[PDB]
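*Asks:* My questions all concern the structure below.
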Amino acid sequence: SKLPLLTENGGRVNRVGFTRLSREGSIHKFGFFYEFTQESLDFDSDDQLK
Amino acid sequence: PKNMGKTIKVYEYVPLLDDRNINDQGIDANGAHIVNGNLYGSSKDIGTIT
């Protein structure tokens, strides 16, 4: 049914148009930490806690 | 010293002839077992020394 079919009287028939889309992507920030006291690394059982 | 802790400890060593030296390893001069571990302790009485 939809086949492009021409005749001898070639004219404004079978017009086609094209489309252009787009794809996005963002950037997000993360992070975490932890706190310690000098009284937790000075007199503590382990020497290499840090 | 650091990484040791917050409390200290030592070793007081009582002398052989002292009333605090409370132990059960004691053999009297006749070879029998005696209750007191030391020889005579901190007593002065000449009888209990001889």
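Labels used: A, B, ... for chains in the order of the structure tokens, numbers from 1 for residues in each chain, and numbers from 1 for ligands as shown.
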For chain A, list the residues within 8 Å of chain B, counting only C-alpha atoms, and write the list as a PDB file with N, CA, C and O atoms, in the first residue's frame.

*Replies:*
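Result written to part-v4.pdb:
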```
ATOM      1  N   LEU A  41      43.575   8.425  68.687  1.00  0.00           N
ATOM      2  CA  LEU A  41      44.703   7.915  67.927  1.00  0.00           C
ATOM      3  C   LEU A  41      46.016   8.029  68.684  1.00  0.00           C
ATOM      4  O   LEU A  41      47.041   7.548  68.190  1.00  0.00           O
ATOM      5  N   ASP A  42      46.020   8.652  69.862  1.00  0.00           N
ATOM      6  CA  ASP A  42      47.245   8.778  70.637  1.00  0.00           C
ATOM      7  C   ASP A  42      47.379   7.611  71.603  1.00  0.00           C
ATOM      8  O   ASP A  42      48.347   6.849  71.524  1.00  0.00           O
ATOM      9  N   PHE A  43      46.419   7.458  72.517  1.00  0.00           N
ATOM     10  CA  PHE A  43      46.381   6.277  73.380  1.00  0.00           C
ATOM     11  C   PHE A  43      45.232   5.379  72.930  1.00  0.00           C
ATOM     12  O   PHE A  43      44.112   5.424  73.443  1.00  0.00           O
ATOM     13  N   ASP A  44      45.536   4.542  71.942  1.00  0.00           N
ATOM     14  CA  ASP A  44      44.610   3.553  71.419  1.00  0.00           C
ATOM     15  C   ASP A  44      45.381   2.259  71.212  1.00  0.00           C
ATOM     16  O   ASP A  44      46.600   2.288  71.029  1.00  0.00           O
ATOM     17  N   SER A  45      44.673   1.129  71.245  1.00  0.00           N
ATOM     18  CA  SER A  45      45.339  -0.170  71.226  1.00  0.00           C
ATOM     19  C   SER A  45      46.221  -0.330  69.994  1.00  0.00           C
ATOM     20  O   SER A  45      47.369  -0.776  70.093  1.00  0.00           O
ATOM     21  N   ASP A  46      45.710   0.043  68.826  1.00  0.00           N
ATOM     22  CA  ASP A  46      46.438  -0.154  67.583  1.00  0.00           C
ATOM     23  C   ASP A  46      47.258   1.076  67.226  1.00  0.00           C
ATOM     24  O   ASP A  46      46.868   2.213  67.502  1.00  0.00           O
ATOM     25  N   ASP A  47      48.405   0.831  66.599  1.00  0.00           N
ATOM     26  CA  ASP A  47      49.328   1.878  66.187  1.00  0.00           C
ATOM     27  C   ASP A  47      48.960   2.462  64.830  1.00  0.00           C
ATOM     28  O   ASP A  47      49.177   3.655  64.599  1.00  0.00           O
TER      29      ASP A  47
END
```

*Asks:* Based on the backbone DSSP call, show me all residues of chain A assigned helix (DSSP H, G or I), as an MDAnalysis selection string.

*Replies:* chainID A and resid 38:41

*Asks:* In Å to one decimal, how far is CA of residue 38 in chain B from CA of residue 13 in chain B?

*Replies:*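 Spanning CA of residue 13 in chain B to CA of residue 38 in chain B is a straight-line distance of 13.9 Å.
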
*Asks:* When you count only C-alpha atoms, which of these residues is closest to residue 42 in chain B: B:22, B:10, B:17, B:29?

*Replies:*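 Closest to residue 42 in chain B of all the choices is B:17.
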
*Asks:* Quote the spacing between CA of residue 41 in chain B and CA of residue 25 in chain B in Å to one decimal place.

*Replies:*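 Separation between CA of residue 41 in chain B and CA of residue 25 in chain B: 14.1 Å.
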